[PDB]
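Enquirer: I'd like to ask you about the structure that follows.
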Amino acid sequence: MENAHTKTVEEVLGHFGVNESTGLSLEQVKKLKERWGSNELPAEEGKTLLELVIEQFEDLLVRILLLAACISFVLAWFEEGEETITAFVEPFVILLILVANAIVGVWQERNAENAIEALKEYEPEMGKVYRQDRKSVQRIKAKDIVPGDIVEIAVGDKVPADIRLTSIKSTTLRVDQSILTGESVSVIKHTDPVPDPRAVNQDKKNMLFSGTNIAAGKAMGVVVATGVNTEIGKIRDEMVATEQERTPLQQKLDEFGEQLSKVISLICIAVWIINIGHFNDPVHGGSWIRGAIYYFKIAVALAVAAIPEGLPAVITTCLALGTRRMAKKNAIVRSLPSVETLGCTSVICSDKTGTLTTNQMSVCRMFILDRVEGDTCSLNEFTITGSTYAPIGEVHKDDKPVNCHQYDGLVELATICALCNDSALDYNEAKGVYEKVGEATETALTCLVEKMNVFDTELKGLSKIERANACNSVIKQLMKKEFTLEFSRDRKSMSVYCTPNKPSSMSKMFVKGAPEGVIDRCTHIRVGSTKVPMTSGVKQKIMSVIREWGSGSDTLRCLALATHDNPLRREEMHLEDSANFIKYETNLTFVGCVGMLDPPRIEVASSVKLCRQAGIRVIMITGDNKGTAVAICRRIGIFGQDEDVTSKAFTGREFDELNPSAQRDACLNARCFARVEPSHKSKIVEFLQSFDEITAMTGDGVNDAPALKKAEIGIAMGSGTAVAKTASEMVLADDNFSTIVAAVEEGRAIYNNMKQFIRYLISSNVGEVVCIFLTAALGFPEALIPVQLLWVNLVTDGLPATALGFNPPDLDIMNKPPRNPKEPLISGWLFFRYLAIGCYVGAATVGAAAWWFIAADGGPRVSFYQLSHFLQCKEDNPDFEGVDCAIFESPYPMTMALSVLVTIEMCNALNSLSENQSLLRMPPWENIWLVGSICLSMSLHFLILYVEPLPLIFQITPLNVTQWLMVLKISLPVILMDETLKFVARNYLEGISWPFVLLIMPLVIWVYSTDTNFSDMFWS
Ligand SMILES: Nc1ncnc2c1ncn2[C@@H]1O[C@H](COP(=O)(O)OP(=O)(O)CP(=O)(O)O)[C@@H](O)[C@H]1O
Ligand SMILES: [Ca+2]
Ligand SMILES: [Ca+2]
Ligand SMILES: [Mg+2]
């Protein structure tokens, strides 16, 4: 089929030799699968490995380090290619950390993509077809569809293949094809040929394209192209990327990064400025421009050292780790930055039917009006056994088997429940169970019709497949369904126009819908076979029985059934818009009600209890009745079993007719919303966000799709509508509601890891800056040269910093209220902690650089005055004898300072496994990646210190054991300093590991054996 849209439906059906009624035979299916193959696209690469690594170098910090690497390379061109290891070692160590972070990030997001694409096949996508093996619609796999078979598309579903539309069962068909044509509006479809052979996909208004979703209406058509021949498979390699919302944590991190860049630039300009004086010294080469290049080099090396270039990499690794941890729990997260939103979510709105309930409905109770005598009235209540879709239940009047032809109202009730249905029952033989084809409510009605068997159809020799829609077919062979006024949620009703087979005008309309809405339009009553005028006492008792059902121990979901006995002809009805449909479902005749059970999921009542423990408020947004909604809320735990819900449960009409005072008190106090349309479902989320709250909407159906896009994160169920899965950002593949608590904990842990990374890097780099500024202030010789600054950068800001993204979650992470998004990223107490640790680190490195000069046994015994005035050290100066300038440029104090800096930052990295939990409670081996990274950094330091040609490159010397002892004596107290800060933060602001104490305590007692203090510290 080359041009399906330009051909009559008769021609497209005759090309394959198919009837829309029966469908494709089994031999035809075999031949067409031999000739066309499976209806599936090959698994192609999500992102190229070159694209994945290039997208790592897009941040501002990575780019400015690339610029600094290019500068250091160009600035090292005082010779035209004569050195390879003594000159170009600075750009190499600047690029090595960038390469390491890029490798880690690429590996993590590759693992996340692999996990996501492996979870994509958790459930095989299905499709409803008509084939000659059965006489009813059947669910096959979406890959088993060959070009030629009939497929009904059944609003809410994803189109499984390119389908030439044949007949539209509803009054209109709206399709959502934004994924293909780009238009963000529902397109109306017809079944007439378009004459243009080269028509674009926007003008193919008689075709359905694979991958698109049905927004409204039911239809069926013949498949014309499957697999790669589809319009979405021919452009599966060409797509346009769309970022979703730029999550509020991302904006915080971006503005923090740019503020940090400004602060670092200011600090570096200050470093270059405070050294303007000694540019003309002969140490630099006896020229002003010679000294300016050296201190500009120090400035750029301090920029590279102080900038947290590993921030984007650790962000992506945290996001990918969260995505993989969620995919292990059968949760498909679409975008990575959306794994964090549930960590700051304060309100979780949830659809009732299909999301909080198992969506396995079954009609448990029903009644018909027995007699009505003016003021008095008597019902006829029945109960039906069976809680699954298997049509093997029984009907009991008073716990006694109902006779064959006692009640005449049951015949009409079955006729209404059978003819006003768009669903069906399908017998899956692979699992040997009956499943729904369509909606759970209509399938429950179908199973009820099968259980009743009002015409006494013999069900002896019928197979498990023929018994699914036997009585339904028996009923449908009696009347001819002319058309269907489809179900609209503003009317909350659905009507079907029926006429007899032989043309003898005896047409009727069968209406089914919400109980109160249908009864408010009922002006008569069907007592047996008599139509009596509807009174007020009967209208009161029917609503009383419906309320008793909804509020009972079963918490039934009720519908009302009516018949319009004298409807208008088709030529007198105007079915252009749905708003007019309610104009024809008037003057009805009440027949009965059916109450169906839909049990809540067993993982809800617990997870709700956890959300309230984490400070999250769970709201129910449902279109069902208020009684049954409040009953389900009490069952799952939103309301107490005897709690007053006067001002905590509302309907759409009640919430609309409220003063802004009460209308703002509701959203902060109400926990249940019933009888709300999709528009109101989205309006509730809009209000909750207007009150500055992070809202998470969970849903399953089409009415949830407008709200799933309004919330900060939408959660769709795996067995839910495809429209709801498109409108959402996380899909629970196994429909496990307790996975939302796991996602909340994962987002909170992601935020905690980001904060610990920020803490470690800021508190270490501010110390790296304080060391330089303190050596410049006291007048001491420069402790570090640019290559040593770049070395401490590569050692400390590298893998030990990215390994904080693998931190374990705190134990009290889900016992705290959610984080306020208006709060600053860094608190004031946190800034105090950063500055305290950094001041200690800087003072420690400056003291280790000054310990070797003043109070070292191997080094000299110079005094503080002679050290701070080392520029005046001359053999002519009377207060300088016994020492010379050759000892003030010694590489021993530079080595001491560098090793103390590396060791104190490796020790501070251990203070960053938790914000307030001590090392005795969370030992370092809880994060084995951090221990490994610290070991590797110390190994690299010891490598450059002792391997033969390395120390001359970094201008250092091998240190003995007596100096490493001082390095550890100075480096360790940062651990107890942060322990003191954590102790202050735990008690005054908001089970220890014995294997850890008995392991580090002997080390503490062995390091401290003597005491060596400096001499006559005047300035500091
Ligand atoms: N196919 C259908 N035909 C007629 N009435 C229907 C119907 N499906 C649902 N209804 C009725 O319309 C009322 C409101 O419509 P709505 O579609 O919002 O219910 P719902 O099943 O989606 C509950 P929830 O929003 O929690 O998922 C329901 O209470 C139901 O009684
Ligand atoms: Ca750095
Ligand atoms: Ca550092
Ligand atoms: Mg629902």
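Labels used: A, B, ... for chains in the order of the structure tokens, numbers from 1 for residues in each chain, and numbers from 1 for ligands as shown.
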Do a neighbour search on stretch 316-319 of chain A at 7 Å with only C-alpha atoms, toss out local chain neighbours closer than 3 positions, and write the hits as JSON, numbers by chain.
Expert: {"A": [105, 108, 109, 312, 313, 322, 323, 336, 337, 339, 750, 805]}
Enquirer: Within 9 Å of ligand 4, counting only C-alpha atoms and all ligand atoms, which protein or nucleic acid residues do you find, written as a JSON list (two decimals) with N, CA and C atoms, in the first residue's frame?
Expert:
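New file pocket-v2.json:
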[["chain", "number", "residue", "atom", "x", "y", "z"],
["A", 350, "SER", "N", -3.20, 12.67, 44.12],
["A", 350, "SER", "CA", -3.31, 11.32, 43.58],
["A", 350, "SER", "C", -4.72, 11.07, 43.07],
["A", 351, "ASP", "N", -4.81, 10.51, 41.87],
["A", 351, "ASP", "CA", -6.07, 10.02, 41.34],
["A", 351, "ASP", "C", -6.52, 8.80, 42.13],
["A", 352, "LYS", "N", -7.84, 8.65, 42.29],
["A", 352, "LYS", "CA", -8.35, 7.53, 43.07],
["A", 352, "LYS", "C", -8.45, 6.26, 42.23],
["A", 353, "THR", "N", -9.26, 6.29, 41.18],
["A", 353, "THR", "CA", -9.52, 5.09, 40.39],
["A", 353, "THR", "C", -8.31, 4.77, 39.52],
["A", 354, "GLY", "N", -7.77, 3.57, 39.70],
["A", 354, "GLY", "CA", -6.65, 3.09, 38.92],
["A", 354, "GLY", "C", -5.29, 3.39, 39.51],
["A", 355, "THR", "N", -5.19, 4.45, 40.32],
["A", 355, "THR", "CA", -3.93, 4.83, 40.94],
["A", 355, "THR", "C", -3.86, 4.37, 42.40],
["A", 356, "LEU", "N", -4.82, 4.79, 43.22],
["A", 356, "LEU", "CA", -4.89, 4.33, 44.60],
["A", 356, "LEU", "C", -5.64, 3.02, 44.74],
["A", 357, "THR", "N", -6.49, 2.67, 43.78],
["A", 357, "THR", "CA", -7.19, 1.40, 43.76],
["A", 357, "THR", "C", -6.60, 0.51, 42.67],
["A", 359, "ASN", "N", -7.87, -1.00, 40.31],
["A", 359, "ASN", "CA", -8.57, -0.88, 39.03],
["A", 359, "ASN", "C", -9.20, -2.20, 38.59],
["A", 621, "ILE", "N", -7.58, 13.47, 44.44],
["A", 621, "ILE", "CA", -8.30, 14.23, 43.43],
["A", 621, "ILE", "C", -8.99, 13.21, 42.54],
["A", 622, "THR", "N", -10.30, 13.07, 42.70],
["A", 622, "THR", "CA", -11.06, 12.06, 41.97],
["A", 622, "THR", "C", -12.33, 12.67, 41.39],
["A", 623, "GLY", "N", -12.81, 12.06, 40.32],
["A", 623, "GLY", "CA", -14.09, 12.40, 39.74],
["A", 623, "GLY", "C", -15.24, 11.57, 40.27],
["A", 699, "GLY", "N", -1.34, 9.75, 38.55],
["A", 699, "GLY", "CA", -2.58, 9.48, 37.84],
["A", 699, "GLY", "C", -2.45, 8.29, 36.92],
["A", 700, "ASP", "N", -3.59, 7.88, 36.38],
["A", 700, "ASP", "CA", -3.62, 6.74, 35.47],
["A", 700, "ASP", "C", -4.37, 7.04, 34.18],
["A", 701, "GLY", "N", -5.35, 7.95, 34.22],
["A", 701, "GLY", "CA", -6.29, 8.13, 33.14],
["A", 701, "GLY", "C", -6.06, 9.39, 32.33],
["A", 702, "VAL", "N", -6.99, 9.63, 31.40],
["A", 702, "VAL", "CA", -6.92, 10.81, 30.55],
["A", 702, "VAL", "C", -7.27, 12.07, 31.34],
["A", 703, "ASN", "N", -8.24, 11.98, 32.26],
["A", 703, "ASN", "CA", -8.61, 13.12, 33.08],
["A", 703, "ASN", "C", -7.47, 13.60, 33.96],
["A", 704, "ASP", "N", -6.46, 12.76, 34.19],
["A", 704, "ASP", "CA", -5.28, 13.16, 34.94],
["A", 704, "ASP", "C", -4.22, 13.81, 34.07],
["A", 720, "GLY", "N", -1.74, 2.07, 33.20],
["A", 720, "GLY", "CA", -2.63, 3.18, 32.98],
["A", 720, "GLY", "C", -2.69, 3.62, 31.53]]
Enquirer: Counting only C-alpha atoms and all ligand atoms, which protein, DNA or RNA residues come within 9 Å of ligand 3, given as a tab-separated table (two decimals) with N, CA and C atoms, in the first residue's frame?
Expert:
chain	number	residue	atom	x	y	z
A	305	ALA	N	42.39	25.84	40.96
A	305	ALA	CA	42.37	25.08	42.20
A	305	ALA	C	41.13	25.37	43.03
A	306	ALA	N	40.65	26.61	43.02
A	306	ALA	CA	39.51	26.99	43.85
A	306	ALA	C	38.17	26.74	43.19
A	307	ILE	N	38.12	26.72	41.86
A	307	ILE	CA	36.85	26.48	41.16
A	307	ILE	C	36.42	25.03	41.37
A	308	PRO	N	35.15	24.76	41.67
A	308	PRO	CA	34.66	23.38	41.81
A	308	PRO	C	34.23	22.77	40.48
A	760	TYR	N	32.48	19.92	51.14
A	760	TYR	CA	33.87	19.48	51.03
A	760	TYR	C	34.67	20.44	50.15
A	761	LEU	N	34.18	20.72	48.94
A	761	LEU	CA	34.98	21.53	48.03
A	761	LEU	C	35.14	22.96	48.52
A	762	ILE	N	34.08	23.56	49.05
A	762	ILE	CA	34.20	24.94	49.51
A	762	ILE	C	35.13	25.03	50.71
A	763	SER	N	34.94	24.16	51.70
A	763	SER	CA	35.76	24.22	52.90
A	763	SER	C	37.21	23.85	52.63
A	764	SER	N	37.50	23.12	51.56
A	764	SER	CA	38.89	22.83	51.22
A	764	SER	C	39.52	23.94	50.38
A	765	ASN	N	38.79	24.47	49.40
A	765	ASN	CA	39.37	25.47	48.52
A	765	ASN	C	39.49	26.83	49.20
A	766	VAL	N	38.59	27.15	50.14
A	766	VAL	CA	38.77	28.38	50.89
A	766	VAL	C	40.01	28.27	51.77
A	767	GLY	N	40.36	27.07	52.21
A	767	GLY	CA	41.62	26.90	52.92
A	767	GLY	C	42.82	27.01	52.01
A	768	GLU	N	42.71	26.46	50.79
A	768	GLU	CA	43.76	26.64	49.80
A	768	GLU	C	43.99	28.11	49.48
A	789	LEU	N	49.95	23.92	43.11
A	789	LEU	CA	48.53	24.22	43.23
A	789	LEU	C	47.71	23.33	42.30
A	792	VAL	N	47.65	19.75	43.80
A	792	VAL	CA	46.70	19.58	44.89
A	792	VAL	C	45.27	19.64	44.35
A	793	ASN	N	45.04	20.42	43.29
A	793	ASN	CA	43.74	20.40	42.63
A	793	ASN	C	43.43	19.01	42.09
A	794	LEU	N	44.33	18.47	41.26
A	794	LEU	CA	44.09	17.16	40.65
A	794	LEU	C	43.90	16.08	41.71
A	795	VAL	N	44.58	16.22	42.84
A	795	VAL	CA	44.53	15.19	43.87
A	795	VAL	C	43.26	15.29	44.70
A	796	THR	N	42.84	16.51	45.05
A	796	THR	CA	41.77	16.67	46.02
A	796	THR	C	40.41	16.93	45.37
A	797	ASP	N	40.35	17.80	44.37
A	797	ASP	CA	39.09	18.11	43.71
A	797	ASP	C	38.68	17.07	42.68
A	798	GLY	N	39.41	15.96	42.57
A	798	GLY	CA	39.12	14.98	41.55
A	798	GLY	C	38.19	13.88	41.99
A	801	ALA	N	36.34	13.86	45.32
A	801	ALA	CA	35.18	14.74	45.32
A	801	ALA	C	33.99	14.11	44.61
A	901	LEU	N	48.56	19.93	52.90
A	901	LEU	CA	47.32	20.32	52.23
A	901	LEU	C	46.60	19.10	51.67
A	902	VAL	N	47.34	18.23	50.99
A	902	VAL	CA	46.74	17.01	50.43
A	902	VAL	C	46.17	16.14	51.55
A	905	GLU	N	43.07	17.69	53.22
A	905	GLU	CA	41.89	17.61	52.37
A	905	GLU	C	41.39	16.17	52.24
Enquirer: Using only C-alpha atoms and all ligand atoms, I'd like a table of the residues in chain A that come within 6 Å of ligand 1; for each, show the closest atom pair and its distance in Å rounded to one decimal, ordered by chain and ascending number, as JSON lines.
Expert:
{"residue": "A:351", "atom": "CA", "partner": "ligand 1", "partner_atom_place_in_ligand_line": "26 (O)", "distance": 4.7}
{"residue": "A:352", "atom": "CA", "partner": "ligand 1", "partner_atom_place_in_ligand_line": "26 (O)", "distance": 3.6}
{"residue": "A:353", "atom": "CA", "partner": "ligand 1", "partner_atom_place_in_ligand_line": "27 (O)", "distance": 3.8}
{"residue": "A:442", "atom": "CA", "partner": "ligand 1", "partner_atom_place_in_ligand_line": "1 (N)", "distance": 6.0}
{"residue": "A:487", "atom": "CA", "partner": "ligand 1", "partner_atom_place_in_ligand_line": "3 (N)", "distance": 5.2}
{"residue": "A:489", "atom": "CA", "partner": "ligand 1", "partner_atom_place_in_ligand_line": "15 (O)", "distance": 4.9}
{"residue": "A:492", "atom": "CA", "partner": "ligand 1", "partner_atom_place_in_ligand_line": "12 (O)", "distance": 4.1}
{"residue": "A:493", "atom": "CA", "partner": "ligand 1", "partner_atom_place_in_ligand_line": "4 (C)", "distance": 4.5}
{"residue": "A:494", "atom": "CA", "partner": "ligand 1", "partner_atom_place_in_ligand_line": "4 (C)", "distance": 4.7}
{"residue": "A:512", "atom": "CA", "partner": "ligand 1", "partner_atom_place_in_ligand_line": "4 (C)", "distance": 5.0}
{"residue": "A:513", "atom": "CA", "partner": "ligand 1", "partner_atom_place_in_ligand_line": "5 (N)", "distance": 3.5}
{"residue": "A:514", "atom": "CA", "partner": "ligand 1", "partner_atom_place_in_ligand_line": "31 (O)", "distance": 3.9}
{"residue": "A:558", "atom": "CA", "partner": "ligand 1", "partner_atom_place_in_ligand_line": "31 (O)", "distance": 6.0}
{"residue": "A:559", "atom": "CA", "partner": "ligand 1", "partner_atom_place_in_ligand_line": "31 (O)", "distance": 4.9}
{"residue": "A:622", "atom": "CA", "partner": "ligand 1", "partner_atom_place_in_ligand_line": "26 (O)", "distance": 3.6}
{"residue": "A:623", "atom": "CA", "partner": "ligand 1", "partner_atom_place_in_ligand_line": "18 (O)", "distance": 3.6}
{"residue": "A:624", "atom": "CA", "partner": "ligand 1", "partner_atom_place_in_ligand_line": "29 (O)", "distance": 3.7}
{"residue": "A:625", "atom": "CA", "partner": "ligand 1", "partner_atom_place_in_ligand_line": "29 (O)", "distance": 5.9}
{"residue": "A:677", "atom": "CA", "partner": "ligand 1", "partner_atom_place_in_ligand_line": "18 (O)", "distance": 6.0}
Enquirer: Take the selection from the previous step and output its residues with C-alpha atoms, as a PDB file, in the first residue's frame.
Expert:
ATOM      1  CA  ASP A 351      -6.069  10.021  41.336  1.00  0.00           C
ATOM      2  CA  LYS A 352      -8.354   7.529  43.067  1.00  0.00           C
ATOM      3  CA  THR A 353      -9.520   5.093  40.389  1.00  0.00           C
ATOM      4  CA  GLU A 442     -17.599  -1.005  31.383  1.00  0.00           C
ATOM      5  CA  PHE A 487     -18.897   9.590  27.841  1.00  0.00           C
ATOM      6  CA  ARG A 489     -16.691  14.179  32.128  1.00  0.00           C
ATOM      7  CA  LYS A 492     -20.615  12.369  33.588  1.00  0.00           C
ATOM      8  CA  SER A 493     -22.859  10.226  31.407  1.00  0.00           C
ATOM      9  CA  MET A 494     -22.840   8.127  28.245  1.00  0.00           C
ATOM     10  CA  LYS A 512     -25.488   5.269  32.113  1.00  0.00           C
ATOM     11  CA  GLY A 513     -23.462   7.502  34.360  1.00  0.00           C
ATOM     12  CA  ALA A 514     -22.938   9.195  37.693  1.00  0.00           C
ATOM     13  CA  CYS A 558     -21.885   3.435  41.956  1.00  0.00           C
ATOM     14  CA  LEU A 559     -23.439   4.072  38.550  1.00  0.00           C
ATOM     15  CA  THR A 622     -11.063  12.062  41.974  1.00  0.00           C
ATOM     16  CA  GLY A 623     -14.092  12.396  39.745  1.00  0.00           C
ATOM     17  CA  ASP A 624     -16.016   9.828  41.787  1.00  0.00           C
ATOM     18  CA  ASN A 625     -18.658  10.512  44.431  1.00  0.00           C
ATOM     19  CA  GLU A 677     -13.240  17.396  36.201  1.00  0.00           C
TER      20      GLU A 677
END
Enquirer: Need the shell around residue A:390: protein/DNA/RNA residues with any atom at most 8 Å away, counting only C-alpha atoms. Skip same-chain ones fewer than 5 positions apart. Format as a list in words?
Expert: residues 433, 434, 447 and 468 of chain A
Enquirer: Mind writing the picked residues with C-alpha atoms as a PDB file, in the first residue's frame?
Expert:
ATOM      1  CA  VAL A 433      -7.340 -15.197  32.951  1.00  0.00           C
ATOM      2  CA  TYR A 434     -10.043 -12.812  31.795  1.00  0.00           C
ATOM      3  CA  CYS A 447     -18.923  -9.325  33.398  1.00  0.00           C
ATOM      4  CA  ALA A 468     -16.380 -14.146  27.737  1.00  0.00           C
TER       5      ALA A 468
END
Enquirer: Please determine, counting only C-alpha atoms and all ligand atoms, which residue among A:43, A:349, A:304, A:825 has the shortest atom-to-atom distance to ligand 2.
Expert: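 Checking each candidate against ligand 2, we get A:304 as the closest.
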Enquirer: So, with only C-alpha atoms and all ligand atoms as the atoms that count, which of A:474, A:18, A:302, A:24 lies closest to ligand 2?
Expert: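 Checking each of A:474, A:18, A:302, A:24 against ligand 2, counting only C-alpha atoms and all ligand atoms, the winner is A:302.
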Enquirer: According to DSSP computed on the backbone, where in stretch 516-612 of chain A is there strand (DSSP E)? Give the residues as a PyMOL selection string.
Expert: chain A and resi 522-527+530-533+557-564+588-597
Enquirer: Mind checking which residues fall within 10 Å of residue A:604, counting only C-alpha atoms, ignoring those fewer than 3 positions away in the same chain, and posting them as a JSON list (two decimals) with N, CA, C and O atoms, in the first residue's frame?
Expert:
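Final output, saved to out24.json:
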[["chain", "number", "residue", "atom", "x", "y", "z"],
["A", 355, "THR", "N", -5.19, 4.45, 40.32],
["A", 355, "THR", "CA", -3.93, 4.83, 40.94],
["A", 355, "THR", "C", -3.86, 4.37, 42.40],
["A", 355, "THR", "O", -2.93, 3.65, 42.78],
["A", 356, "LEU", "N", -4.82, 4.79, 43.22],
["A", 356, "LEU", "CA", -4.89, 4.33, 44.60],
["A", 356, "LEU", "C", -5.64, 3.02, 44.74],
["A", 356, "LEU", "O", -5.44, 2.31, 45.74],
["A", 357, "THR", "N", -6.49, 2.67, 43.78],
["A", 357, "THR", "CA", -7.19, 1.40, 43.76],
["A", 357, "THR", "C", -6.60, 0.51, 42.67],
["A", 357, "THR", "O", -5.96, 0.99, 41.73],
["A", 600, "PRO", "N", -8.50, -0.88, 47.18],
["A", 600, "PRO", "CA", -7.26, -0.11, 47.18],
["A", 600, "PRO", "C", -6.05, -1.03, 47.14],
["A", 600, "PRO", "O", -6.10, -2.18, 47.58],
["A", 601, "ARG", "N", -4.96, -0.52, 46.58],
["A", 601, "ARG", "CA", -3.73, -1.28, 46.54],
["A", 601, "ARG", "C", -3.18, -1.46, 47.95],
["A", 601, "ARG", "O", -3.32, -0.59, 48.80],
["A", 607, "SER", "N", 2.40, 3.31, 52.42],
["A", 607, "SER", "CA", 3.20, 4.39, 51.86],
["A", 607, "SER", "C", 2.65, 5.75, 52.26],
["A", 607, "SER", "O", 3.42, 6.68, 52.55],
["A", 608, "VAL", "N", 1.33, 5.89, 52.28],
["A", 608, "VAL", "CA", 0.71, 7.11, 52.81],
["A", 608, "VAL", "C", 1.23, 7.38, 54.22],
["A", 608, "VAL", "O", 1.68, 8.49, 54.53],
["A", 609, "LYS", "N", 1.20, 6.36, 55.08],
["A", 609, "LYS", "CA", 1.71, 6.50, 56.44],
["A", 609, "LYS", "C", 3.16, 6.95, 56.45],
["A", 609, "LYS", "O", 3.58, 7.66, 57.36],
["A", 610, "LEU", "N", 3.93, 6.57, 55.43],
["A", 610, "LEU", "CA", 5.31, 7.02, 55.35],
["A", 610, "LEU", "C", 5.40, 8.46, 54.88],
["A", 610, "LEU", "O", 6.22, 9.23, 55.39],
["A", 635, "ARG", "N", -10.07, 4.32, 54.39],
["A", 635, "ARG", "CA", -9.49, 2.98, 54.29],
["A", 635, "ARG", "C", -7.98, 3.04, 54.15],
["A", 635, "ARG", "O", -7.25, 2.28, 54.80],
["A", 636, "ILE", "N", -7.48, 3.93, 53.29],
["A", 636, "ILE", "CA", -6.04, 3.98, 53.05],
["A", 636, "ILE", "C", -5.31, 4.81, 54.10],
["A", 636, "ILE", "O", -4.09, 4.67, 54.25],
["A", 637, "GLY", "N", -6.00, 5.68, 54.83],
["A", 637, "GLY", "CA", -5.40, 6.41, 55.92],
["A", 637, "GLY", "C", -5.29, 7.91, 55.75],
["A", 637, "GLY", "O", -4.63, 8.55, 56.58],
["A", 736, "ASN", "N", 3.58, -0.21, 41.61],
["A", 736, "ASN", "CA", 3.89, -0.25, 43.03],
["A", 736, "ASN", "C", 3.83, 1.17, 43.57],
["A", 736, "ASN", "O", 4.67, 2.00, 43.23],
["A", 737, "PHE", "N", 2.83, 1.45, 44.41],
["A", 737, "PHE", "CA", 2.69, 2.80, 44.95],
["A", 737, "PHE", "C", 3.77, 3.11, 45.97],
["A", 737, "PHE", "O", 4.14, 4.28, 46.14],
["A", 738, "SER", "N", 4.30, 2.10, 46.65],
["A", 738, "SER", "CA", 5.37, 2.31, 47.62],
["A", 738, "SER", "C", 6.68, 2.74, 46.97],
["A", 738, "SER", "O", 7.62, 3.08, 47.69],
["A", 739, "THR", "N", 6.76, 2.71, 45.64],
["A", 739, "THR", "CA", 7.94, 3.20, 44.95],
["A", 739, "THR", "C", 8.05, 4.72, 45.02],
["A", 739, "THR", "O", 9.15, 5.26, 44.88],
["A", 740, "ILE", "N", 6.94, 5.42, 45.27],
["A", 740, "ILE", "CA", 6.99, 6.87, 45.37],
["A", 740, "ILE", "C", 7.74, 7.30, 46.64],
["A", 740, "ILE", "O", 8.47, 8.29, 46.64]]
Enquirer: Return the single residue from A:345, A:553, A:899, A:477 that is closest to residue A:791, with distances computed using only C-alpha atoms.
Expert: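 Smallest separation from residue A:791 among the options: A:899.
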Enquirer: Do you know which residues are at most 12 Å from residue A:650 counting only C-alpha atoms, after dropping those on the same chain fewer than 3 positions away, and could you put them as a PyMOL selection string?
Expert: chain A and resi 619-627+629-630+645-647+653-658+662-663+665-667+669-676+684
Enquirer: Keeping only C-alpha atoms, take the residues you just selected and write them out as a PDB file, in the first residue's frame.
Expert:
ATOM      1  CA  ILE A 619      -4.521  14.634  48.619  1.00  0.00           C
ATOM      2  CA  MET A 620      -7.067  12.614  46.650  1.00  0.00           C
ATOM      3  CA  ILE A 621      -8.297  14.232  43.429  1.00  0.00           C
ATOM      4  CA  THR A 622     -11.063  12.062  41.974  1.00  0.00           C
ATOM      5  CA  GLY A 623     -14.092  12.396  39.745  1.00  0.00           C
ATOM      6  CA  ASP A 624     -16.016   9.828  41.787  1.00  0.00           C
ATOM      7  CA  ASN A 625     -18.658  10.512  44.431  1.00  0.00           C
ATOM      8  CA  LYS A 626     -17.772  12.242  47.686  1.00  0.00           C
ATOM      9  CA  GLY A 627     -19.021   9.417  49.904  1.00  0.00           C
ATOM     10  CA  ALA A 629     -13.966   9.042  47.973  1.00  0.00           C
ATOM     11  CA  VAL A 630     -14.007   9.803  51.703  1.00  0.00           C
ATOM     12  CA  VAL A 645     -14.080  15.637  57.370  1.00  0.00           C
ATOM     13  CA  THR A 646     -16.440  18.614  57.177  1.00  0.00           C
ATOM     14  CA  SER A 647     -13.769  21.109  56.079  1.00  0.00           C
ATOM     15  CA  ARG A 653     -18.925  22.706  43.143  1.00  0.00           C
ATOM     16  CA  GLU A 654     -18.137  23.257  46.829  1.00  0.00           C
ATOM     17  CA  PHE A 655     -14.547  24.301  46.122  1.00  0.00           C
ATOM     18  CA  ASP A 656     -15.698  26.653  43.355  1.00  0.00           C
ATOM     19  CA  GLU A 657     -18.295  28.390  45.553  1.00  0.00           C
ATOM     20  CA  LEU A 658     -15.816  29.377  48.255  1.00  0.00           C
ATOM     21  CA  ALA A 662     -11.828  29.527  52.618  1.00  0.00           C
ATOM     22  CA  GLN A 663     -10.540  28.696  49.128  1.00  0.00           C
ATOM     23  CA  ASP A 665      -7.632  27.439  53.702  1.00  0.00           C
ATOM     24  CA  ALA A 666      -8.908  24.410  51.764  1.00  0.00           C
ATOM     25  CA  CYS A 667      -5.800  23.673  49.688  1.00  0.00           C
ATOM     26  CA  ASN A 669      -6.201  21.867  54.965  1.00  0.00           C
ATOM     27  CA  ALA A 670      -8.297  19.720  52.604  1.00  0.00           C
ATOM     28  CA  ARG A 671      -7.135  16.197  51.796  1.00  0.00           C
ATOM     29  CA  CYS A 672      -9.883  14.920  49.465  1.00  0.00           C
ATOM     30  CA  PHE A 673     -11.469  16.372  46.320  1.00  0.00           C
ATOM     31  CA  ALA A 674     -14.342  14.517  44.658  1.00  0.00           C
ATOM     32  CA  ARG A 675     -16.436  15.174  41.549  1.00  0.00           C
ATOM     33  CA  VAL A 676     -13.701  17.315  39.973  1.00  0.00           C
ATOM     34  CA  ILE A 684      -6.317  22.287  42.159  1.00  0.00           C
TER      35      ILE A 684
END
